[PDB]
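In what follows, a single structure is set out as C-alpha cells and then discussed.
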Amino acid sequence: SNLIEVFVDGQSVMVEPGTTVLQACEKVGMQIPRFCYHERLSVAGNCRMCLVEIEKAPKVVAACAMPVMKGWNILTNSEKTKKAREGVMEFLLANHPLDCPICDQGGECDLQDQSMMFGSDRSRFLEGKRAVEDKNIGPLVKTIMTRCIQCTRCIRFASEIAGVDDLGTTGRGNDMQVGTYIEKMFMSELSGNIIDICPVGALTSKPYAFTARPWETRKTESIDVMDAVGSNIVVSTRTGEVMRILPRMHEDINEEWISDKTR
Amino acid sequence: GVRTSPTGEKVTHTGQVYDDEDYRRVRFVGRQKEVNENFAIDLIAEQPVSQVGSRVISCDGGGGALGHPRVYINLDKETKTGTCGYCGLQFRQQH
Amino acid sequence: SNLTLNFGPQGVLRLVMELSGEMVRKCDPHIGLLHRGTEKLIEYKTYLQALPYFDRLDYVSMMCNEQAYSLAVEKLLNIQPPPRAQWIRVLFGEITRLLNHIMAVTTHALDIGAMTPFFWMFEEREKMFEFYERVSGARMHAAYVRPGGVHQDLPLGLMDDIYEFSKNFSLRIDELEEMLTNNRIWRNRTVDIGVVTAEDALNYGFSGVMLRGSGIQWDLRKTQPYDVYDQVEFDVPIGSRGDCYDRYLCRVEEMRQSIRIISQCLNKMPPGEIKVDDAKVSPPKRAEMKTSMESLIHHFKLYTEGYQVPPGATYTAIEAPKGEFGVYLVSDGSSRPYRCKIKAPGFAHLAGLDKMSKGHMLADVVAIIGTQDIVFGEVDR
Amino acid sequence: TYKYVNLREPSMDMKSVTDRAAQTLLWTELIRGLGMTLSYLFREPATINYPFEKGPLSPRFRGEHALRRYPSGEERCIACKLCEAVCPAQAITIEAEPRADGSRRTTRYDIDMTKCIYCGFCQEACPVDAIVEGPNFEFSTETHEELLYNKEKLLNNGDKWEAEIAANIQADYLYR
Amino acid sequence: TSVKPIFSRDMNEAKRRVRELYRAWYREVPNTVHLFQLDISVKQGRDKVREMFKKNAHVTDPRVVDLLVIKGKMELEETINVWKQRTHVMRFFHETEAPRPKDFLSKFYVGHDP
Amino acid sequence: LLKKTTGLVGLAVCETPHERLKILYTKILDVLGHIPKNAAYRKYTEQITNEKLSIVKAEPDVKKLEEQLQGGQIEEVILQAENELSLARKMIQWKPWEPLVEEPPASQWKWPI
Amino acid sequence: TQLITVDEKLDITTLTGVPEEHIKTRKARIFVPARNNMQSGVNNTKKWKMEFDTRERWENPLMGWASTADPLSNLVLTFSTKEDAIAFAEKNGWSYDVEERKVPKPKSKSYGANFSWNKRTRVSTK
Amino acid sequence: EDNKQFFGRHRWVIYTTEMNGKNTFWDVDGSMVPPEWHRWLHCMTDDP
Amino acid sequence: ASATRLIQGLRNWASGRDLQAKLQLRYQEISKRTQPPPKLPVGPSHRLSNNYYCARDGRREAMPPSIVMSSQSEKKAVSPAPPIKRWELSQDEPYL
Amino acid sequence: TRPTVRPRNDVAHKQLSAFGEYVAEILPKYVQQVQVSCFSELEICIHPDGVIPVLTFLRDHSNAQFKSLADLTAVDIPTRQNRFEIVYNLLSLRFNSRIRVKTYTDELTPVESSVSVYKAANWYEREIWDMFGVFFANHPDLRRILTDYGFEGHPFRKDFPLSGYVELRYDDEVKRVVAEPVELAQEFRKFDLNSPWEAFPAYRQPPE
Ligand code: SF4
Ligand code: SF4
Ligand code: SF4
Ligand code: SF4
Ligand code: FES
Ligand SMILES: [K+]
Ligand SMILES: [Zn+2]
C-alpha cells in the first residue's frame, strides 16, 4: 500500500494521502468538533472550530482542510487545542441570540451541545448584539437569520447538491448576511435538506415549527414510499401522533437527504 | 374575547369546543366548563407599537431579571413591526 | 406446641411471632409494604430528577439523604461545593439530626406509653420545619441540598432565628430528659431490653447508635469526615451495655452535641456563593441566564438533559441519624444513573430485630422496634 | 472526643444509699415528672385558631401551580417544554402550535396535581417565569379529576393569585 | 458448555424434585381451599395446579427446572404459612379479566393486537 | 491494673493478656507452618505475627502494650488473634495460593460498556 | 467433578415472569440507531440497541393523554456488540430482526478541489 | 393584629357572614381570604 | 409571657427551671417577615481574565480507574491505611 | 484548579494500591482484577467460586479486618453473558477503610451465600433474589422480601419494564383486590436525552 503513518494522541494510524486531520482522527474514533465542515459538502474552513494542535508546531491548524503529513502527532486534547475551541465558541456565542427556549433547534442544537462540551461555561461579552433582518425563502423553511453563525452550508448545498446557486452572503464583516438578497422563494426539490444541515436554528422547518421538541419524540426507522427511490427515513412521533420525518444515512440510496414531498 | 358554539358551549383561547354529537359534553352537564376570559392574543393586540429611534432594539419584557431573556430585534423593515418573540411586544423605527 | 401470632398491618410492618407463652422464640418481620421501586425509577430519571427520591426514603431525615446523594454525585463529578454551601449542609444536617432524634425518642416513648413528650417536642419540630420552609419552600421534602452545593442562599434573618431556636432548645432536651431518663418506669422498659454485643453488632451490619450503644467508638463524622465536620468540635456519645436505655441516652446526647455543632456553624458561616461556580454542573443565576448566551445554553441543557457524570461506581456513606446511610451509584457516562443502590441503616437493624428479640416478651418487641429507629421508607425503598 | 453516657458508679456511703432508698420509697422522680407536667398545665398552649389563624409561611412556599402573564395580558409561557422535561414526576404534559399571530404558544398545558411532587423544578427551570408554584395550599377537592389541571385552570389560578405571586417573586428573585 | 449445577445433576433428579413438589401441592390444595374459604372446588384448584405444572413442561434444562422447583417451593411456603391472602391465592384464577380473543377474526375485530 | 471493663459489650476482661497472646501467636505460627513457603499468605502472616509477638515479649505492661500494638484494647487484640488462627485453619483447606481458577470473559469487567 | 453438562439451547423464558402475550407475539428490533440529522455528532451511533414493535396508543377520554396497554413500549436495551443482543434475545424467547450497522463510507476531501483549473468541482463562491 | 400574642396568634381574620352568595356565618372557610391579605395573614410579609 | 407572676412562680417551681429566660413560644425577638433585599456575591470563576475553563474543569480531570492487578522481594506487609488513632476522652463533659 | 475541583488524595491512593497488590498476591486463586478509582476507592474483582474465601480473608486477616458489611448489591448489565455483577461493600473500622469486592453470575449459576461470613447478608442477598433472580446457595431463608407475594418476575432486571405487567384494583363482583394487565391512562414518556457529542475523552473506547 501507500498508506502514510500519522499519530492521534500518540496512537498510530495508517491513512491514505490526501486524508485530512479530521478524518485521521475519525479513524481512531475521535470526533473533532465542527460547524462548517460537512462530509458531503465542499470544505469551507471558515468557522475555525476544528483548530487542533499538531505537536512541535507553534500554530493550531484547521483540521477539516489540513491534509496530514507523514509523522504528525495530532493533539486532540491538548491545552492550546481546548483554548482554541473555547475562544472560537466565545466568538460564536458573542452575537448569537438568547432564543434557546423559543428555538426549534433546542435540544438538538450543535451550537448548544458543543458549547456544553467545548465552550466556556459563561460570558465575557458586555456589549450589545447584532440583530439580522429575517428572510422569506418559501413556505417550508422558516428563516430567522439572527441565529445564523455564517457557516455557509446553505450555499454549498444549494450550489453543489441542489444545484440552484440562489443562496449566498451579501455584505462584509460582522454585517455579512446569508440570504438571497431579494424576495426570492427558494423552492427546489431538495429545499428542505438545508433544515438538516443548518447546525443552528436559523433554518427550521416551518410546518414542524413550535409543535414538538426532540427529547420527547420517539424515533422509528422506516422507508419512504412517496417515490421509487426507497429513501430511509426516521418518523419521529410524540404521544401517538406523527411529528416529523427525517432522513437516515444510507450510502447507496439517499445518502442523508430526502425530497421535499418525503419530508 | 370569548365566543360560543351553537351548542352553547364556550370556545377557549385555543379554539377548542366539543362537537354537537360528542358524548364528552356530559362532564359539563350540571357543572361548568372553566374557560379563561382574558385571551392573550386579544390583550397583546391592544398594546401600542413602540416608536424608537434606533435600528436595533432590545427587549427584556420589563423588570430586568423578572422578564424573559433579553433579545435584539432588527427594525430595517418599514413595512412591518419587529415583534419580540417572547412577550409579543412590537417595535418600529420612527423614520 | 407453641403459639404463632400474626401482628398484621391493621410506617407499617407485618410481624410473624413464634411465642412460647410470654416469651418470644422467633420474630419474622414481613416487609415490602412500602416498596415502591424507587431505585428502578431512579434509572430512568436524571441526577437532578433522581434527587427528590432521596427526600422520601428516610422521611424524617430528608436533607441528610439529600446530602449523601449530593456527595456521591459530586464525588463522581470530581467537583467540590463552595465552603459556605458546606457549612450550610452541615448546619441543616444537624438540624435534620435534631428532627430525627425528636421523632425517634418521642415515638419510642409514645409506643411504650409516655404520650406527653411527643406533644412537647413536636412544637420544636414544627419550628424546625418552619426553618426548612424558609430555606427551600417545603416543610419536609426540600430538594435543597444538590450536587454542587445547595439550591439557594439563606434568606436574610434565618440565622438569627436558628440562634433563637438553639438558645432555647437545650431546656426542651432537659425537660424531655426530666420526664424519661430518671423515670423508673422508663428504665424498667429499656434497661434489660435488647442487649447487643459489639461483635454481633459489627457482624450484623449495624451502624450509628446501634454500634455506639454497644461501646464501639465509631462515628463517620469523625473517622471518614465529610464537608466541614473536621472543622467543628463535638463529642461522640458511647454506650456501655448495648441496651435500649443506652441508645436512648446516646440519642439525647446526640441532640446535645447537635446543638453544639449548630452553635459553631452559626458562629463560623463564611461569605461566598452557594453553588459550584462550574455552570456545566450547577445552573447559573436567573439574572445571568436572562442576559448571557452561555448561561442560557447551560440553563437549557441542565434543566433538560442534565450534566453528564463520568463513568464509575462509588459507595458514598454519611452519618445519617439512623446510622451509615450509603449510596452505591453507578454511572455509565450519560446524564442518568445506570444504577443506584440505597443502603439504609434500618434494613440491617430490622434484619437484626430477630436476634435482639430472643428471650424477651411481646411488649418488649415494641421497645426493640423503637430502639432501632425504623422508618420503613428507607427499609423497603 | 467521646463521652461515656451511663458509666457512672453510684456511691456506697450511707448518705447516698439512703438517698436512693428515699427515692425508691417516696417516689421522688415520679413527683418530678408530675411537676413538669403540672408546669406545662399552667403555660399558654401553642395552638393557633385555624381557620381564623394561619401558620406562618415564607415567600418561597411551594403550593398550587399557576401560569403568569406579562403586564400586558400576554401569557409568559412560550412552549419551550423545559418544565415537563425537568418534572421528576412527569406531571406536566405540553402540546404547542403557532397561533393566529405567529406566537409560540401552548394548546395543551396540563399538570396532574396528583402526580405532582410539589418540588418546584418547573418554576426554576422556566426561563420566563411563566409557571410558578404559588402560595395556595387550601385547594382540596372532593373528586380525583378535579386535581387534573388543564391550561384554563392554571391561567385562572394565575389571574386569581397574581397579586400575591408577583409580590413573592419580588421578595425572592434576588436569591435566585 | 459445562455449568455449575443448582441441585440436580441431570433431568431425572430434577423430575424427582418436580414430582415431590407436585405431591406437596396436591396435598396442600384442600387445606388451601378450606382455610382461605375459597369459592372454588378442590378439583378446580388441583386442575389449576396441573395447569401451572404443565405450562412449563417444555423445559429441557436442569438449572431452569431447578429454579422452577425453588419458586414453586416459595409459593407453597407462602400458601401453607398464611402469608398470602385470599386475593393472592385467587390471582391464579383470572376471573375478572375478559376472555381474550383466540381466532384471527375476533382479534381483527377488536383491535390491532396479533 | 485490673481494668474493670473493656468498654465493648460482650467482651469480658482477660486477666492475663500476655501469656494468652503468646499462646495464640505461637499457635498461629504452628498452624501457619503447614502452608507452602512460596505462598504470600504465609510470609505476610509470619511477618505480622512475629512483629506482634516480639512486641508482646518486649513489654511487661498491658497498657503500653496497647499503645504500641496499635490495635485498641488488648482483649480485641486477643480476639483478632483468635480470628487469625481460625482464618489460617481455613486457608489450609481452601488452598488459595494456587493460580487463577478461570479467566473471566473478555468484557466482564469493562466499564462503561 | 461438581460441574454438569447442559448441551441444550439457553432459555430462561419460564423464569422471567413475562406473560406469554408479550413473548411469542413481540418482535425485537436489534439495530444501531441512526444519527439524528439535525446534529453532526456520532456518540449515539456507537452502541447496539434492542427495542420492540410499537403497539396501540390511544386518546384518554378525560384529558386527551396517550394511554397505552403495552408494557414493553418504553423498553430500550443497550448492548456493546450485535452478538450480545442476539444472544440476549434468543435467551428470552423474543423473536428478533437484526439491521446491520450502517457506517459512513470514507470521503475523499480536498480543499484545493474548490479551485480547479478544468474540473466542474470549482465553487462559484466561498 | 395583637403584637402581644405569640408568633402565630398575632394576626387573625374574622370571616364575613356572606361572600359570593354563600351564608358563611357558620361555614367559615380558609379559602375566603383574598390573595392581597394572604401574604399578611400567613406572615409572608410584614405589610398589609 | 402573658402569665401573671403567681402562675409564673408556680410554673417555675413545678418545673424547677427558669422558664421565662427560655420560652418555647416565640415573640418579638424573631426576624422580620419583610427583609431588606440581598446582594449575593459572585463566585471565584466570575473573572474576565485568566478564566479559561480548561484550567478549572473537574469532570474532565477525572480519569478511568488505574488497574493495579489484572489477568490481561522482602516487601512489607501492608494495610489499607495506618491503624485508627485511639479516640481521646472528652474534656468538656466525659461523665467522669 | 483550586476552588471548584475536588482535591486528589494521593496518600490513600498509594495505600489502596499497595493493599490491592497485597490482596492480589495473597489470593491469586480468585482475584481477577484489582483497580483503584480516581477518587481513591479500591475494587477487588474476583471469581464467583471464591466468595467465601475472599470475604473471610478480609474479615479475619489482621491487616484487613473488614469487620462490617456496609452494602450488598447486584447490577444488571445485559451486554455480558454473566449479566449480574454482585457487589460487596466492606468497612474496616481498625484501618478506617472501605473495599469493594465484585463478582459475577448469569441467571442460572448460583452464588455461594456469605451468611457464614457476614450475617448481615441474610436479608441483602435475599433482596437480590427478589429483585434480580440470582439464586444464593446454602442460604437459611431465601424468599422474596420486597415485592408482593404472588409477584412473577424480578423487577430490577433491565429487561423488566418500568411499570409491571399487572396492576391491582378492587373489584366489587368478587369482593376482592384483583390483578389485571396494566393499562396506563398516560404512557410513561421515554425521553432520549443523550447528547451525540463525546463528553469525556479519558473514557473513550477504541473502535473496531
Ligand atoms: S440555534 Fe441553538 S444556541 Fe441558537 S437559540 Fe437555537 S438552540 Fe439556542
Ligand atoms: S443559515 Fe445555517 S446553514 Fe446557512 S450559513 Fe447560517 S448557520 Fe450555516
Ligand atoms: S413542582 Fe415538581 S413535580 Fe410538580 S409540576 Fe413542577 S416540576 Fe413537576
Ligand atoms: S411554563 Fe415555562 S418552562 Fe414550561 S413550556 Fe412554558 S415557558 Fe417553557
Ligand atoms: S470545521 Fe474546520 S473550520 Fe469549520
Ligand atoms: K436547523
Ligand atoms: Zn419582550
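As shown in the C-alpha cells, the chain order sets the letters A, B, ...; within each chain, residues go from 1, and ligands are also counted from 1 in the order they appear.
Those residues of range 5-70 of chain A that DSSP, working from the backbone, places in helix (DSSP H, G or I) are residues 21, 22, 23, 24, 25 and 26 of chain A.
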The selected residues should be written to file as a short mmCIF file (atom, residue, chain, number, x, y, z; two decimals), in the first residue's frame (atoms: C-alpha atoms).
```cif
data_model
loop_
_atom_site.label_atom_id
_atom_site.label_comp_id
_atom_site.auth_asym_id
_atom_site.auth_seq_id
_atom_site.Cartn_x
_atom_site.Cartn_y
_atom_site.Cartn_z
CA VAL A 21 -6.59 15.81 10.14
CA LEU A 22 -10.30 15.44 10.94
CA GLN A 23 -10.68 12.17 9.04
CA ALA A 24 -7.44 10.84 10.56
CA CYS A 25 -8.93 11.50 13.99
CA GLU A 26 -12.20 9.91 12.85
#
```
Residues near range 65-69 of chain I, cut-off 7 Å, only C-alpha atoms, skip fewer than 4 positions along chain, as a compact mmCIF listing (two decimals) with C-alpha atoms, in the first residue's frame:
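around10.txt was written with the following content:
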```
# COMPACT_ATOMS: atom_id res chain seq x y z
CA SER J 17 -2.83 0.45 45.54
CA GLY J 20 -4.60 -4.12 46.31
CA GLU J 21 -1.22 -5.62 45.39
CA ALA J 24 -3.87 -9.83 44.69
CA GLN J 33 -8.67 -7.70 38.73
CA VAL J 34 -7.67 -5.01 41.22
CA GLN J 35 -8.45 -1.40 40.41
CA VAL J 36 -8.40 1.95 42.21
CA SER J 37 -10.66 4.79 41.06
CA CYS J 38 -9.55 8.40 40.68
```
- [ ] Write out as a PyMOL selection string every residue belonging to chain E that has an atom at most 8 Å from any atom of chain J, counting only C-alpha atoms.
- [x] chain E and resi 3-6+63-64+67+74-75+78+83-84+87-89+91+94+96-97
Open item on the list: Residues within 9 Å of range 10-16 of chain B, please, as a PyMOL selection string. Count only C-alpha atoms; anything in the same chain fewer than 4 positions from it doesn't count.
Closed with: (chain B and resi 1-5+33-41) or (chain D and resi 99+106-108+152)
Open item on the list: Let me see if you get this right: every residue at most 7 Å from ligand 1, counting only C-alpha atoms and all ligand atoms, written as a PyMOL selection string.
Closed with: (chain A and resi 96-100+103-107+109-112+147+200-202) or (chain C and resi 297)
Output for the residues just chosen: N, CA, C and O atoms as a PDB file, in the first residue's frame:
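The result, stored in out18.pdb:
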```
ATOM      1  N   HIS A  96     -24.764  35.614  19.070  1.00  0.00           N
ATOM      2  CA  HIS A  96     -25.868  34.688  18.892  1.00  0.00           C
ATOM      3  C   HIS A  96     -26.991  35.026  19.872  1.00  0.00           C
ATOM      4  O   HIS A  96     -26.723  35.367  21.024  1.00  0.00           O
ATOM      5  N   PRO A  97     -28.251  34.971  19.445  1.00  0.00           N
ATOM      6  CA  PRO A  97     -29.340  35.449  20.299  1.00  0.00           C
ATOM      7  C   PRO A  97     -29.769  34.437  21.342  1.00  0.00           C
ATOM      8  O   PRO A  97     -29.714  33.225  21.135  1.00  0.00           O
ATOM      9  N   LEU A  98     -30.261  34.959  22.464  1.00  0.00           N
ATOM     10  CA  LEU A  98     -30.752  34.136  23.569  1.00  0.00           C
ATOM     11  C   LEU A  98     -32.155  33.597  23.282  1.00  0.00           C
ATOM     12  O   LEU A  98     -33.122  33.879  23.985  1.00  0.00           O
ATOM     13  N   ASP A  99     -32.246  32.777  22.239  1.00  0.00           N
ATOM     14  CA  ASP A  99     -33.523  32.296  21.736  1.00  0.00           C
ATOM     15  C   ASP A  99     -33.759  30.821  21.992  1.00  0.00           C
ATOM     16  O   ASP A  99     -34.744  30.293  21.480  1.00  0.00           O
ATOM     17  N   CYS A 100     -32.876  30.153  22.741  1.00  0.00           N
ATOM     18  CA  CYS A 100     -32.993  28.714  23.006  1.00  0.00           C
ATOM     19  C   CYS A 100     -34.353  28.229  23.513  1.00  0.00           C
ATOM     20  O   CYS A 100     -34.751  27.123  23.114  1.00  0.00           O
ATOM     21  N   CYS A 103     -36.632  28.488  20.269  1.00  0.00           N
ATOM     22  CA  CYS A 103     -35.998  27.934  19.086  1.00  0.00           C
ATOM     23  C   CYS A 103     -36.379  26.473  18.944  1.00  0.00           C
ATOM     24  O   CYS A 103     -36.402  25.731  19.928  1.00  0.00           O
ATOM     25  N   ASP A 104     -36.678  26.063  17.713  1.00  0.00           N
ATOM     26  CA  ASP A 104     -36.963  24.660  17.452  1.00  0.00           C
ATOM     27  C   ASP A 104     -35.721  23.794  17.544  1.00  0.00           C
ATOM     28  O   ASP A 104     -35.829  22.604  17.843  1.00  0.00           O
ATOM     29  N   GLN A 105     -34.544  24.369  17.315  1.00  0.00           N
ATOM     30  CA  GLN A 105     -33.308  23.606  17.327  1.00  0.00           C
ATOM     31  C   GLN A 105     -32.874  23.226  18.740  1.00  0.00           C
ATOM     32  O   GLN A 105     -31.989  22.384  18.891  1.00  0.00           O
ATOM     33  N   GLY A 106     -33.485  23.804  19.770  1.00  0.00           N
ATOM     34  CA  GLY A 106     -33.165  23.493  21.149  1.00  0.00           C
ATOM     35  C   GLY A 106     -33.421  22.057  21.549  1.00  0.00           C
ATOM     36  O   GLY A 106     -34.516  21.529  21.357  1.00  0.00           O
ATOM     37  N   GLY A 107     -32.403  21.420  22.112  1.00  0.00           N
ATOM     38  CA  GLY A 107     -32.413  20.007  22.374  1.00  0.00           C
ATOM     39  C   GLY A 107     -31.748  19.189  21.294  1.00  0.00           C
ATOM     40  O   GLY A 107     -31.379  18.039  21.539  1.00  0.00           O
ATOM     41  N   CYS A 109     -29.451  21.037  19.067  1.00  0.00           N
ATOM     42  CA  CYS A 109     -28.598  22.073  18.510  1.00  0.00           C
ATOM     43  C   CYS A 109     -27.138  21.669  18.629  1.00  0.00           C
ATOM     44  O   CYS A 109     -26.691  21.260  19.703  1.00  0.00           O
ATOM     45  N   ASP A 110     -26.401  21.781  17.523  1.00  0.00           N
ATOM     46  CA  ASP A 110     -24.958  21.580  17.587  1.00  0.00           C
ATOM     47  C   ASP A 110     -24.279  22.676  18.389  1.00  0.00           C
ATOM     48  O   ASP A 110     -23.326  22.398  19.119  1.00  0.00           O
ATOM     49  N   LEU A 111     -24.768  23.914  18.283  1.00  0.00           N
ATOM     50  CA  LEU A 111     -24.138  25.020  18.992  1.00  0.00           C
ATOM     51  C   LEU A 111     -24.309  24.872  20.497  1.00  0.00           C
ATOM     52  O   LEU A 111     -23.345  25.052  21.246  1.00  0.00           O
ATOM     53  N   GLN A 112     -25.499  24.445  20.941  1.00  0.00           N
ATOM     54  CA  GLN A 112     -25.717  24.105  22.347  1.00  0.00           C
ATOM     55  C   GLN A 112     -24.828  22.960  22.801  1.00  0.00           C
ATOM     56  O   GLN A 112     -24.156  23.061  23.833  1.00  0.00           O
ATOM     57  N   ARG A 147     -30.085  33.956  14.271  1.00  0.00           N
ATOM     58  CA  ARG A 147     -29.464  32.754  14.804  1.00  0.00           C
ATOM     59  C   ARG A 147     -28.363  32.199  13.913  1.00  0.00           C
ATOM     60  O   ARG A 147     -27.695  31.253  14.326  1.00  0.00           O
ATOM     61  N   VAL A 200     -27.709  25.351  13.445  1.00  0.00           N
ATOM     62  CA  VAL A 200     -28.352  26.254  14.373  1.00  0.00           C
ATOM     63  C   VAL A 200     -29.817  26.374  13.975  1.00  0.00           C
ATOM     64  O   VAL A 200     -30.269  25.745  13.024  1.00  0.00           O
ATOM     65  N   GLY A 201     -30.560  27.200  14.704  1.00  0.00           N
ATOM     66  CA  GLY A 201     -31.978  27.342  14.444  1.00  0.00           C
ATOM     67  C   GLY A 201     -32.319  28.445  13.470  1.00  0.00           C
ATOM     68  O   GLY A 201     -33.442  28.952  13.469  1.00  0.00           O
ATOM     69  N   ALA A 202     -31.345  28.832  12.648  1.00  0.00           N
ATOM     70  CA  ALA A 202     -31.586  29.853  11.637  1.00  0.00           C
ATOM     71  C   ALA A 202     -32.531  29.354  10.562  1.00  0.00           C
ATOM     72  O   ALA A 202     -33.419  30.087  10.121  1.00  0.00           O
TER      73      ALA A 202
ATOM     74  N   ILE C 297     -27.666  28.684  27.425  1.00  0.00           N
ATOM     75  CA  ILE C 297     -27.405  27.342  26.906  1.00  0.00           C
ATOM     76  C   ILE C 297     -27.201  26.353  28.046  1.00  0.00           C
ATOM     77  O   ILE C 297     -27.742  25.244  28.026  1.00  0.00           O
TER      78      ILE C 297
END
```
- [ ] Select residues of chain C: the criterion is any atom within 8 Å of an atom of chain A, counting only C-alpha atoms; output as a VMD selection string.
- [x] chain C and resid 278 to 280 290 to 298 300 to 301 304
With N, CA, C and O atoms retained, could you export that selection as a compact mmCIF listing (two decimals), in the first residue's frame?
```txt
# COMPACT_ATOMS: atom_id res chain seq x y z
N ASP C 278 -18.89 26.11 38.50
CA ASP C 278 -18.95 25.42 37.22
C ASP C 278 -20.40 25.44 36.77
O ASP C 278 -21.25 24.74 37.34
N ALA C 279 -20.71 26.22 35.73
CA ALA C 279 -22.07 26.29 35.23
C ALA C 279 -22.44 25.12 34.33
O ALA C 279 -23.57 25.09 33.83
N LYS C 280 -21.53 24.18 34.11
CA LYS C 280 -21.84 22.93 33.44
C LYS C 280 -22.35 21.87 34.41
O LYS C 280 -22.72 20.78 33.97
N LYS C 290 -30.76 35.15 31.88
CA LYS C 290 -31.53 36.03 31.02
C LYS C 290 -30.69 37.12 30.38
O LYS C 290 -31.25 38.05 29.79
N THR C 291 -29.38 37.05 30.50
CA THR C 291 -28.51 38.03 29.87
C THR C 291 -27.39 37.40 29.05
O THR C 291 -27.09 37.87 27.95
N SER C 292 -26.81 36.31 29.53
CA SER C 292 -25.67 35.68 28.87
C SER C 292 -26.13 34.53 28.00
O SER C 292 -27.07 33.81 28.33
N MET C 293 -25.43 34.35 26.87
CA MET C 293 -25.76 33.28 25.94
C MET C 293 -25.29 31.92 26.44
O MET C 293 -26.03 30.94 26.35
N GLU C 294 -24.05 31.86 26.93
CA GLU C 294 -23.52 30.63 27.52
C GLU C 294 -24.36 30.17 28.70
O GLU C 294 -24.62 28.98 28.85
N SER C 295 -24.81 31.12 29.52
CA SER C 295 -25.59 30.76 30.69
C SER C 295 -26.99 30.30 30.31
O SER C 295 -27.56 29.44 30.99
N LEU C 296 -27.56 30.82 29.22
CA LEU C 296 -28.85 30.33 28.78
C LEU C 296 -28.74 28.93 28.19
O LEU C 296 -29.60 28.08 28.42
N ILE C 297 -27.67 28.68 27.43
CA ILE C 297 -27.41 27.34 26.91
C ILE C 297 -27.20 26.35 28.05
O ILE C 297 -27.74 25.24 28.03
N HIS C 298 -26.47 26.76 29.08
CA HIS C 298 -26.23 25.87 30.21
C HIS C 298 -27.48 25.67 31.06
O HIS C 298 -27.70 24.58 31.56
N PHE C 300 -30.61 25.70 29.77
CA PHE C 300 -31.37 24.80 28.91
C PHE C 300 -30.88 23.37 29.05
O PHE C 300 -31.67 22.45 29.29
N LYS C 301 -29.57 23.16 28.92
CA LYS C 301 -29.06 21.80 28.88
C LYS C 301 -29.02 21.16 30.26
O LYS C 301 -29.09 19.93 30.35
N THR C 304 -32.86 20.27 30.91
CA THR C 304 -33.47 19.26 30.04
C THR C 304 -32.67 17.98 30.02
O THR C 304 -33.21 16.91 30.32
```
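Checking B:79, B:47, B:74, B:93 one by one against chain D, counting only C-alpha atoms, you find the shortest gap at B:47.
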TODO: Find the residues near ligand 7. Use a cut-off of 9 Å, count only C-alpha atoms and all ligand atoms, and write them as a VMD selection string.
DONE: chain B and resid 58 to 62 67 to 71 83 to 90
Those residues you just picked out, can you put them in a file as a JSON list (two decimals), in the first residue's frame with C-alpha atoms?
```
[["chain", "number", "residue", "atom", "x", "y", "z"],
["B", 58, "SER", "CA", -33.69, 45.24, 22.75],
["B", 59, "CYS", "CA", -36.47, 43.75, 24.84],
["B", 60, "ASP", "CA", -36.33, 42.05, 28.23],
["B", 61, "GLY", "CA", -40.07, 42.07, 28.95],
["B", 62, "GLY", "CA", -39.72, 44.62, 31.73],
["B", 67, "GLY", "CA", -38.84, 39.28, 32.45],
["B", 68, "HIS", "CA", -37.66, 36.99, 29.65],
["B", 69, "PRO", "CA", -34.15, 36.56, 28.15],
["B", 70, "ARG", "CA", -33.13, 39.82, 26.52],
["B", 71, "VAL", "CA", -33.36, 39.70, 22.74],
["B", 83, "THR", "CA", -42.20, 41.73, 17.31],
["B", 84, "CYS", "CA", -40.45, 40.39, 20.40],
["B", 85, "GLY", "CA", -40.51, 36.62, 20.19],
["B", 86, "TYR", "CA", -41.17, 36.15, 23.91],
["B", 87, "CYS", "CA", -43.59, 38.79, 25.18],
["B", 88, "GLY", "CA", -45.29, 39.70, 21.90],
["B", 89, "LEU", "CA", -44.49, 43.41, 22.14],
["B", 90, "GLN", "CA", -43.70, 45.06, 18.83]]
```
- [ ] Write as a ChimeraX atom specification the residues around ligand 4, taking 6 Å as the cut-off and counting only C-alpha atoms and all ligand atoms.
- [x] /D:77-83,125-126,128,130-131
Can you write out the residues you just picked, keeping N, CA and C atoms, as a tab-separated table (two decimals), in the first residue's frame?
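After the write, part-v1.tsv holds the following:
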```tsv
chain	number	residue	atom	x	y	z
D	77	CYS	N	-45.84	31.99	28.99
D	77	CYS	CA	-45.40	30.68	28.53
D	77	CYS	C	-45.21	30.63	27.02
D	78	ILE	N	-44.03	30.22	26.60
D	78	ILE	CA	-43.68	30.15	25.20
D	78	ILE	C	-43.29	28.74	24.79
D	79	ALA	N	-43.87	27.73	25.45
D	79	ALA	CA	-43.94	26.35	24.96
D	79	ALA	C	-42.58	25.70	24.80
D	80	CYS	N	-41.61	26.10	25.62
D	80	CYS	CA	-40.27	25.58	25.45
D	80	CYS	C	-40.10	24.18	26.01
D	81	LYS	N	-41.04	23.73	26.84
D	81	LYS	CA	-41.13	22.37	27.38
D	81	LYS	C	-39.94	22.01	28.27
D	82	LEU	N	-39.31	23.01	28.88
D	82	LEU	CA	-38.30	22.73	29.90
D	82	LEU	C	-38.93	22.20	31.17
D	83	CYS	N	-40.13	22.67	31.49
D	83	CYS	CA	-40.77	22.30	32.74
D	83	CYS	C	-41.28	20.87	32.73
D	125	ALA	N	-36.82	25.96	36.39
D	125	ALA	CA	-36.41	25.70	35.02
D	125	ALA	C	-37.01	26.67	34.03
D	126	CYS	N	-38.12	27.31	34.38
D	126	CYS	CA	-38.83	28.17	33.43
D	126	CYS	C	-38.03	29.43	33.17
D	128	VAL	N	-38.79	32.17	31.70
D	128	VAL	CA	-39.57	33.39	31.52
D	128	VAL	C	-40.54	33.58	32.69
D	130	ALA	N	-42.96	31.74	33.81
D	130	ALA	CA	-44.35	31.53	33.45
D	130	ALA	C	-45.06	30.65	34.46
D	131	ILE	N	-44.60	29.41	34.62
D	131	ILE	CA	-45.19	28.54	35.62
D	131	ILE	C	-44.58	28.87	36.97
```
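What separates CA of residue 144 in chain D from CA of residue 156 in chain D is a distance of 19.3 Å.
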Task: Contacts of ligand 3, 12 Å or closer, only C-alpha atoms and all ligand atoms, given as a PyMOL selection string - done: (chain C and resi 48-53+137-138+141-143+303-304) or (chain D and resi 61-67+81-94+109-126+130-134+148-149+154)
